[PDB]
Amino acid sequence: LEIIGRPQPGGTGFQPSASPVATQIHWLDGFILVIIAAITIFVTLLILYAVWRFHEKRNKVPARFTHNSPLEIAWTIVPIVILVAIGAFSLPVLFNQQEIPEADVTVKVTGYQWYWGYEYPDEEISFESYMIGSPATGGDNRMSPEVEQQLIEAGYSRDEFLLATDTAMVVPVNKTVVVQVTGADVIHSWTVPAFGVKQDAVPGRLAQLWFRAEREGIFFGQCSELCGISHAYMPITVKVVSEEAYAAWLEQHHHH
C-alpha cells in the first residue's frame, strides 16, 4: 500500500485528499485563500503607498477630512458581499460533512490515555491500537534501533515514527464508513487529515463522522485534543484496501 495521508518534508499545502469531503475542504480553502491573499496584499500596498505618498517630506501640510461617504459605503458593503459569497459555498460543504449518510461499514472508536480502541459491531471485531514505539510495543516514545526494526516489520520505515501504529483500522475503498467516536477517560480527538474528518472523543457522548475513501493506501492522523502526558504519542492509522482484501482481513479475525 502507498503511504498517502502523511505530512511531507517542507510542505506548505494540505495533505493529499482521499475523500470527497477532503476535496471540498481543499477547494473551499483554495477559494478563500485567493480572497484573503488579495485583501492582505491590498491592505499592505495601501499602507506602503500612503507612507510614501504622504510622508512629511512629500506632503508638508496635512489634510483634515474625517469622512468620505461613497468610500464608507463601498468599504462596508464589499466585506458583507465577500462573506456572503463564502458562506454560500461554505454552508453546503458543512451540510455534506455533518449529515451522516447510511453506513456500508461501521466502526466504533474509543480514545483512552494513551491509545485508541476500535470495534466493528457488524463483525464482532475489537482491538487496541498503540503507537509503534510506545510502552505497549516495548518503547518509551522515542526512536531507537528496536523501534526502527518494528516499523520495518509492520510495513513502514523510520520516517513514519510517531504516525504508525501496531494495528490499523482497515476499511474497503469506495465504501461509506461511519465512525462513532467517544472517550473513555478524558477528551481525545480522532482525525484523519486525508479524509477531512475530525471529531472530539468526549466521555459520555457518542458522536459520529463519515468518510468515503476514493483510493487505496495508508493514511495517518494524530490525537487532536490535549489528553495528558502522551497526547503526542497516540496516533491513528487507517488502511484503505480492496473489498476482497478487507474481507480477507475480516476472516483473519474470525474465531472458529
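Residue numbers here begin at 1 and follow the sequence given.
Chemist: Taking the mean of the C-alpha B-factors per stretch from the entry, tell me the winner out of 228-236 and 10-18.
Modeler: Between 10-18 and 228-236, it is 10-18 that shows the higher mean C-alpha B-factor.
Chemist: Can you tell me whether 46-54 has a higher mean C-alpha B factor than 183-191 in this record, or the other way round?
Modeler: Looking at the record's C-alpha B-factors, the answer is 46-54.
Chemist: Can you tell me which of 88, 151, 131, 169 has the highest Cα temperature factor in the record?
Modeler: The record points to 88.
Chemist: Check the PDB entry and point out which of 109, 136, 74, 143 has the largest C-alpha temperature factor.
Modeler: Among 109, 136, 74, 143, the PDB entry lists the largest C-alpha B-factor for 74.
Chemist: C-alpha B factor of residue 61, ranked within the chain: lowest, middle or highest third?
Modeler: It belongs to the highest third of the chain when residues are ordered by C-alpha B-factor.
Chemist: Determine, from the deposited record, the chain-internal third of the Cα B-factor for residue 205: lowest, middle or highest.
Modeler: CA B-factor rank for residue 205: middle third.
Chemist: By the recorded C-alpha temperature factor, relative to the other modelled residues in its chain, which third is residue 117 in?
Modeler: Lowest third, going by the recorded CA B-factors of the chain.
Chemist: Sort the modelled residues of this chain by their C-alpha B factor and say whether residue 96 lands in the lowest, middle or highest third.
Modeler: CA B-factor rank for residue 96: highest third.
Chemist: Lowest, middle or highest third of the chain for the C-alpha temperature factor of residue 162?
Modeler: Lowest third - that is where residue 162 ends up once the chain's C-alpha B-factors are sorted.
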